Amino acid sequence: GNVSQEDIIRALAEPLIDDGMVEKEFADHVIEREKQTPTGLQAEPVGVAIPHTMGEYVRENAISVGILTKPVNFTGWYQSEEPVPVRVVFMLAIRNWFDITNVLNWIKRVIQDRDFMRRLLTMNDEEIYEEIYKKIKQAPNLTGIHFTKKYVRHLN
């Protein structure tokens, strides 16, 4: 009866739905893709997940970020016969495969800093907003994206 994959994705998508960045159906397709193309990435402090479609049902590029106090199993992006305990989730709403690849490459650099992840595990919605907002600013050649404080949410 603890948090389940569908809940995080639906939770994360709600402000994107509410703000018009993706279509209303968008979460159900993220969930389908997670069954088919899992996005669980083992990392230093805690596990990471990047639920995303390949651009379907996305209307303006946006991101929503979710922090989990208790870990949740997401099947690994790479095959390991070992589920990934996730506490950080990056929901991607990107339309262009070209733009996609840039954003996941930027995603990687963020994950490699473990103390940032340790910080994000104990930080406020406002703190994670302006911290992430800055990293988007400090990211070069990154496409235009949409990030608001509502896009930051604690879960579970």
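Numbers follow the displayed sequence, beginning with 1.
**Student:** Comparing average C-alpha B factors as deposited, tell me which of 40 to 48 and 91 to 99 sits higher.
**Tutor:** The recorded data point to 40 to 48.
**Student:** So 56 to 64 or 114 to 122, which one's hotter by mean CA B-factor in the entry?
**Tutor:** On average, C-alpha B-factors are higher across 114 to 122.
**Student:** Where does the C-alpha B-factor of residue 108 rank in its chain, lowest, middle or highest third?
**Tutor:** Its C-alpha B-factor, which the entry lists for residue 108, ranks in the lowest third among residues of this chain.
**Student:** Among the chain's modelled residues, which third holds the C-alpha B-factor of residue 13?
**Tutor:** According to the entry, residue 13 has a C-alpha B-factor in the chain's lowest third.
**Student:** Using the B-factors in the PDB entry, rank residue 137's C-alpha atom against the chain and give the third, lowest, middle or highest.
**Tutor:** According to the entry, residue 137 has a C-alpha B-factor in the chain's highest third.
**Student:** Looking at the C-alpha B-factor of residue 28, is it in the lowest, middle or highest third of its chain?
**Tutor:** As the PDB entry reports it, the C-alpha B-factor of residue 28 lands in the middle third of its chain.
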